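Quick setup: one chain, the form deposited without this ligand, written in structure tokens, and binding and motion questions come after.
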């Protein structure tokens, strides 16, 4: 709740006023961000005057100014100076000094926003400034890129600047091991993909020892290509899947035991409470059949539930009454309708028991073992920002899901690219002969072309035409990213002809004359040099050779400027206007000249999914021939419409994925919390006993209800309690008082048990036993929740009536099993706490 007068960086209250008059397009934020940038610039002499050793000592200066309690300074306080330091470092190390519009964008990202920075504005380098500043706080900065090649590359590339400044830079990649990941996460700044970050988080919350954890919290994340990761890729959740994890031999084993058991002799049935209770003879019978001395003895085999469940299966569920068998499938049927309630299975391992009862084949099965959406994953960070050339069109969604504002940073030079109107053809065949001719023309004239398509299949068709016209070219298909960067790096020398499927060659700049940085790095690496492996020599070689590389390329750059800049050819519209605009954006960087144009047809994938065929017959009827561009105002409105409709479809899909994810997200936050505190080693005696208390209290509450005199079933209550623990008093012992009695007995039984462990290998043995058993129970019963939650999602669709909203229905039913799951968790825990083999 802060003031603004005489404060360079918008503090907090003032930041909101800007971060929100944002959506309103006035640009006070930009005006602000510009003032910050100017001021940073005025510090440029002060840093210029310093040795390499005097820079980099600055890291330690800032670090110490951040902790001294006498003269407290914050990151906002340090921003002018730290940005000056990072900027000068970048200049000395890379030979590239961040422009003013980069410093602006830097401020915007420190302030937690999406900086919309046009292609060729220096995204990757801008990034260094907020990454350095925040890295000083000492908690980690995560930098998210679109694939492993780019993560490794940016980490090694830019990590030069960070490393020059004292900091340590990490990268996570698909191949790394848990130990390698650890180190990368312990760095001051860590690069990686949403994938690797997400899954690491998933594996962490499945870990069995605190030592296996690889991440260290979620403090600050800068999401490179934000629209691609947070909007586009968000439609898909991350799922670690896996098999059931056993427990099938028991279902079969108890299905065989249950029928060898005389009703009223081994167990009793409460035909209208809908319950089963097992007698002394029954317990003992099961015990001797398994050569076991207690049904809660072997850890992680909840033999009480299995038994009970199997008896319920035998006694309480009737074949052809409640359910029918159909293909090794237990299908539940309506009361006296008699008709299969599709999607519906039985609860808390009862389905399995019924299956086992009906001798149904038991099959191999996978299920969710962990999940998070990219949405809820990135919502974990205390601060969040991102960068991209195209984000203003996702502002509303970025604000609603992430609280991320979008600031358009002005470009370094004025964009002068000619973005031409679509040429719409009648047929695919027509469009492509006309495409090939423009490209062949362009080639002969020297101009470099980038032609994008929308499928690998259409890239090879276009390259077959390209060879049938003898035009030397490459196709990039988005598979081998590195070798595709190499091509891209020289896509804008003259003669250049590059065909890119989807957005292939993402994030390497198509520089006219050639990418001077990319090429300099290549000279050095082919000679076996490395920024990390051979640091001093890479640096020295860099400074020496960059100007050479810059020469031979930028001599040819004047020639490429002559020929019109880059020609961007669109062969199809993408699944959103955003991406088309991204492709156009590949050209015209840094005020370079350049052309863009899309060729389209009523026969394109897009149009074919809507009304293109219908239009093509009409236009063929109106005697309009194939090789003529359509100027029809209505074919135009039709195209815009098709793409808009695709965009909205994807949005709905996203919106759904997340709204169905919130349910599970809430539940996992609780389950992860539980697992974490066990991992941490917390003393749980208080909760262990609370559960014992809780469980006894629940059981008394059920067997006693409201009945006055004799009425209470103490024998049933006693037997049900006696499963879990050695009850040290009789019902006769003392004949709401019945509960206060049993609790007190149970507590002593507990301290007795605790000392039994002390004797077995004690001095906290019961403290460990508590943790060990809990974690076990939680995991086993959580796995089963997820497997049952899987079936609930898939099915919830069909059970949607004449007005409902199935998400309410799913939410209702979903939390229900979640509570049931937690109750069952407590029960079996106290069970094992007393009776487990040590």
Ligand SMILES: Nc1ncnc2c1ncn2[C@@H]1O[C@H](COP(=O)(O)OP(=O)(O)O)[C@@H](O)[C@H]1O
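Residue numbers count along the first chain shown, from 1.
One more form of this protein exists, namely the form solved in complex with this ligand; it is left out here, but the text below deals with it.
The partner is not drawn, yet in the entry with it bound one stretch among 335 to 343, 509 to 517, 257 to 265, 229 to 237 has residues with heavy atoms inside 4.5 Å of this ligand: 509 to 517. The contact residue chosen from 124, 667, 195, 215 relative to this ligand in the entry with it bound is 124, the criterion being a non-hydrogen atom within 4.5 angstroms. For the options 699, 185, 157, 199, the residue carrying a heavy atom within 4.5 angstroms of this ligand in the entry with it bound is 157. Contact annotation: residue 589 falls within 4.5 Å of this ligand in the entry with it bound, judged by heavy atom distances. Although the partner is absent here, residue 96 sits close enough that one of its heavy atoms falls within 4.5 Å of this ligand in the entry with it bound. Though the partner is left out of this view, residue 531 does not reach within 4.5 Å of this ligand in the entry with it bound, counting heavy atoms only. For residue 170, no non-hydrogen atom is located within 4.5 Å of this ligand in the entry with it bound, even though that partner is not displayed.
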